[PDB]
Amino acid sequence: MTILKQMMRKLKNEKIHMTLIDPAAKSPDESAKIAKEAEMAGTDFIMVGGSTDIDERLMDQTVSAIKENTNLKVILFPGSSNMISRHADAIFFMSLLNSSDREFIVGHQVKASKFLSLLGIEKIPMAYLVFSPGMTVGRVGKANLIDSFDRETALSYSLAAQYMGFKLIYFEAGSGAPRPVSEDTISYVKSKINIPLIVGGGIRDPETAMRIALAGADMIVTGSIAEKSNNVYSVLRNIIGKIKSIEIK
């Protein structure tokens, strides 16, 4: 019935991959081409969002082009911003739990909730935990960065998120991070929580995606990675095929 239910059902059989498209990075038509190549590569959902703040008209154009060019559901990834498009299928309702500023824990969320209640868009509660180095979202979101290897702090935040009712936990290294969050942190936390763990940031090749998925990530988020659109398919296939080869206990 819902994207969240689709995710939970899919996790019984395979790891999930999602492709994040930054609407500020390319034109709506180029974004749609990228989305179609990612669909063919086997990605499960398109995420749309970034750190660069843009107007709702551009958000609308990007989401509309993607939905016209693919059969995938589109999930908004607001991060530290209050970006919305009413054309998206779902939105990760994200709380940056390790921010020093209440504005990114509950501020933007409270300001956006009424408008969101007027829309048919699906609201998926997600705990957004920003790890070292954090990159732009770490800076803009005022994160008290969780060190990638500080698995006990990761666990405290993840358990708190679970006990607050969040349905997904997102380990965020930051867009462009040289390396993703530690495998040891991922495995340690995954062994102790009962909601899905998503890892994004610093995953740009099949071997990295494989080691992160094997460490315990339930879903992997990457960009389109390839500079040229005509190379996105081959690049994403190699990644997706690998993580979807893992047998799920």
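Just count from 1 along the sequence shown to find any residue number.
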(request) Would you mind comparing 40 to 48 and 202 to 210 for me and telling me which has the higher average C-alpha temperature factor in the entry? (result) 202 to 210
(request) Identify the stretch, either 183 to 191 or 49 to 57, whose C-alpha atoms have the larger mean B-factor according to the entry. (result) 49 to 57
(message) Maximum C-alpha temperature factor per the entry, among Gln162, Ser85, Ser117, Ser80, belongs to which one?
(response) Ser80
(request) Could you tell me which one of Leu20, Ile16, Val235, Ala24 shows the highest CA temperature factor in the PDB record? (result) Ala24
(request) Taking the values exactly as deposited, rank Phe149 by C-alpha B-factor within its chain and report the matching third: lowest, middle or highest. (result) highest
(message) Taking only the Cα B-factors deposited for this chain, tell me whether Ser132 sits in the lowest, middle or highest third.
(response) highest
(request) Report the third (lowest, middle or highest) to which the CA temperature factor of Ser100 belongs, ranking only the modelled residues of the same chain. (result) highest
(request) Would you mind ranking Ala177 by its C-alpha B-factor against the rest of the chain and naming the third, lowest, middle or highest? (result) middle
(request) Sorting the chain's modelled residues by C-alpha B-factor, tell me whether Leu155 ends up in the lowest, middle or highest third. (result) middle
